[PDB]
C-alpha cells in the first residue's frame, strides 16, 4: 500500500528544494559530503556500534582528515561534521543514533534540515545558509526521495525503520 521513490544509486548532484533525501547507510565511514563552497560544509560519518575510542581517517571534500571517534552504544551513530567557512575547522554539530541506519537531508526555507537525536525520537534541526541553491552533495550509498509534504513518512522511516 506504499510507494517510495527510489532507490537512487550513489551520485553527486544538487538536490532540489522541498524534497527529503532519505539516505541509506551500509557501512562505517563517510555517508555523504555536502557543500556550497561558501558557508556550508557537512559530512556525515558513520561509526558502528561498540567502538571504543579510536583514531580513524576519513576523506572529506578531497582532504584526508583524522578524527578520534567513539560509539559506546548498541546503535549506529551518524556524526554530522560541519564547517561554516572554507578555512574553518570541522566540528561535530549534531548526531543521529539509530539502528535504522537512515539519515535525512532537506533543503527548505533557506536552510538545511536533518534528523538528529536518538531513534525512535529523532527530531529535525536546521543550519542556515545564504546559498542554498549551490549546495551539492556526494552520496556514497543508495537513497530515496520524499517530498516535504510527505515528511511524516520520512520521519517514520528515520525513526522506526525502512
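Positions refer to the first chain, counted from 1.
Given 69-77 and 82-90, the range whose Cα B-factors average higher in the PDB entry: Between 69-77 and 82-90, it is 82-90.
Mean Cα B-factor comparison, 33-41 or 128-136, giving the higher one as deposited: Stretch with the higher mean C-alpha B-factor: 128-136.
Candidate residues 97, 27, 114, 55, the one whose C-alpha B factor the record puts highest: Across 97, 27, 114, 55, the entry lists the biggest C-alpha B-factor for 27.
Residue 62, C-alpha B-factor rank within chain (lowest, middle or highest third): Highest third, going by the recorded CA B-factors of the chain.
Chain-wide C-alpha B factor ranking for residue 109, given as lowest, middle or highest third: It falls in the top third of the chain.
Relative C-alpha B-factor of residue 143, binned into the chain's lowest, middle or highest third: Its C-alpha B-factor belongs to the middle third of this chain's values.
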